[PDB]
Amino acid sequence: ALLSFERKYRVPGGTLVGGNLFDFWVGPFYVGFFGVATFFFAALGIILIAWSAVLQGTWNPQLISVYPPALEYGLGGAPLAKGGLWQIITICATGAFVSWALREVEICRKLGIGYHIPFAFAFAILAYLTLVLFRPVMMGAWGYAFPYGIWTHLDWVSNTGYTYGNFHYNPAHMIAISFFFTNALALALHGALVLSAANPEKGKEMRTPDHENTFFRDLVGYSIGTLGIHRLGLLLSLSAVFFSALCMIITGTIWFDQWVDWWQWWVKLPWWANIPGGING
């Protein structure tokens, strides 16, 4: 089934691999070579997870957990039930995520639009890979990666965090958090502004962009503008994930102690380091 204005868009072309072989749809979904590659990776990966559940002895979604290889194994392979299944599943996940992005690219081409979406999605893939591939490699072992379990991965966040005390003190973590908050703040503001203009007080004509500019200008003395707000939203959310990947990639590789101690460099600056008083004197 198609949207009442869709047919004119379902034309051939745009694929990156396989010419017209996979150039078709299944219901609303577009396929393409990467559409099948995704199905392949997702199917196999889900199958290997189910098998890991079998070996684990549970079908409970709240209990199923696939762990990476113990520190012993370092960066080598490992028996299926002891880290190997996690290694293959990770590959299937990476392959499925990358295929989903490449599939989004064929979709962009068929529709003649920009490539911003798959580009932005790549930041997410890069954050995932940072935890499962990049940091584990710099640290020398797949064991440092997180487990695939609903609650177990939270345990991993907790333990990893306290391994350095209160993780809040990670300076890169602070910046990331700021972007996440600022982002949700901007998202709420954007939706409300547009909506407030499209749905003015009952009985009134739709408001216009000028009204949007006037509302915010009257409110905070500034209006970023329609193009700018979409540029900001993408900026904030991409910067948050980037500083996330950054705050972890440096943890355990170039910084090993309690993060709170890192701040001492500023406190120990020679010109005020020994002045009695305050909190640190």
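In this text, residue numbers run from 1 along the sequence as written.
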property: Mean C-alpha temperature factor, higher of 88-96 and 108-116; result: 88-96
property: Between 182-190 and 205-213 (mean CA B-factor, as deposited), the higher; result: 205-213
property: Residue with highest C-alpha B-factor in the PDB entry, from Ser237, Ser223, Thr58, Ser244; result: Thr58
property: Selection from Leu227, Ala70, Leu219, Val31 [criterion: highest C-alpha temperature factor in the record]; result: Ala70
property: Entry-reported Cα temperature factor of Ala78, expressed as the chain third it lands in; result: highest
property: Chain-relative CA temperature factor third for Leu131; result: middle
property: Among modelled residues of the same chain, the CA temperature factor third for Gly165; result: middle
property: Modelled-residue ranking by C-alpha temperature factor, third containing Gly233; result: lowest
property: Record-listed C-alpha B factor of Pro171: chain third; result: lowest
